[PDB]
Structure formats: structure tokens, C-alpha cells
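Shown below, as C-alpha cells, is a lone chain in the form deposited in one PDB entry; questions about how it binds or moves come after it.
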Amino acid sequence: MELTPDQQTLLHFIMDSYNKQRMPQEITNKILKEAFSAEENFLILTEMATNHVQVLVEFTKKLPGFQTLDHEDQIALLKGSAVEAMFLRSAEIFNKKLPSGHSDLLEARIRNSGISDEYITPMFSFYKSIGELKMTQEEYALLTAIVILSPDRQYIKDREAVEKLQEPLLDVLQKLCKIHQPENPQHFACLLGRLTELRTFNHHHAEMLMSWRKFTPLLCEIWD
């Protein structure tokens, strides 16, 4: 079992766009040096969330066919996926990119940022759940593309156009599960389990934003 040359080409474009992300030194240094107070911890999180929006747009722009979509549909997809894409990238950075000590300090900062356990608990439950699947880089990149190119987001005018871009990605992901995990037929079902779990963050994030009187004007406009 192998990917077709067309599938290999689609995957390469996705992987290339995904591998561009790299946490800048200034943010990493802040996690280490800043005072351990609710306001300093929250500011670090806000900067990370803001930087992710820029990272998300750059990744999305290079997804095959994205630039062929109507301008308003490009905006609707970005707005619709911003929270889910953020948590998925977070799961990867917490479980793979940051060193043990830095991730331990970032978790300490997240847990002492003035954010309620109602939102912190499902967040860390999700990271552990993603960690269990021992996802490859190809799995992270494809899952991110599938999340972004979701045809059922609100305010999309040409859904059929989005469906034509999403279906080949789901096909590639299922085929990689059959190639790399043939002894584990439930592997693709497990990856799907993460897509639905990611959707639950849309509510948790919306409630968290309405709870502010901490107030970050820029992020509130992107997430509505």
C-alpha cells in the first residue's frame, strides 16, 4: 500500500507549510524569565495566542486550493477554525516541541493565569488524549488542514468548493493509517475522536471570553 503521486504531492505541500512554524526565542525566554504573577502569566498566553493567529494564516494560505476560494469564504474558514487550530497546535507544542522544564513552567503559568479550572481541565485532558495517539508530524499537519478546511463552518457561501478540498485530505489521512498502522484498524477512528473533542473548545473559549471585564480587545474581534 502506497500513496499515489498526486496524494504524495498534496501531502508534501501540507507538510512543507506545517514545518515552517517555529516558536520565536523572545516568547520562549518570557516563559523562563517573567515574574510568576497572574497578570504576567496571562500576558505571555495572550502573546502566544496572538502569534498563533499569524502562524495559522500563513499555514492556511499555502494549503492547496485555499487561494482558489472566494475571499469571504477564506475569511469564514479562518474565523471558524482559529480556536480549534490553536488547541491542536498547542497539543503538539506541549507534548513535542517544548523541553520538559519549559513545558512544566508553561503549565505552571497556564494554571496560575487567572483562568478558571472549567477551561484548564478539558485543555490538559485534551493534551494527554492527543499524547496517547503518538501522532506523527504528517498526522498533525493533515489534521490541522482538515480542521481548517471544514465545509460546515458558519457563513461559507460555496460549501461544495470547501468539500472538494477537504475530502482528498481525509482520503490521504485514512491511507496513511492503513500503511503505517495496519495492525491497528481503529487508528483512523481515534484521529476522528480528536476532531469532535476539538469542537468542544469553541464553547469553552466563547464562555471564557464573555467572562472578562485580562480584557484583550484584539483577540475578542478575531474569535467574536
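Numbering starts at 1 and follows the sequence shown. For the two forms, the rigid core is made up of the largest set of C-alpha atoms that agree within 1.5 Å on superposition.
Omitted from view is the form deposited in another entry, to which the following refers.
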Out of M135, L88, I148, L106, I need the residue that shifts by 2 angstroms or more at the Cα between the shown form and the other one, core superposed. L106
Rigid core superposed, CA of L32 - does it shift 2 Å or more between the shown form and the other one? yes
Kindly check if the Cα atom of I115 is displaced 2 angstroms or more between the shown form and the other one relative to the superposed rigid core. yes
Spell out whether the Cα of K79 moves at least 2 Å between the shown form and the other one when the two forms are superposed on their rigid core. no
In the other form, do the Cα atoms of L98 and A85 sit closer or farther apart than here, given a shift of 3 Å or more? farther
Relative to the form shown here, do the C-alpha atoms of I148 and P99 sit closer together or farther apart in the other form, given a change of 3 Å or more? farther
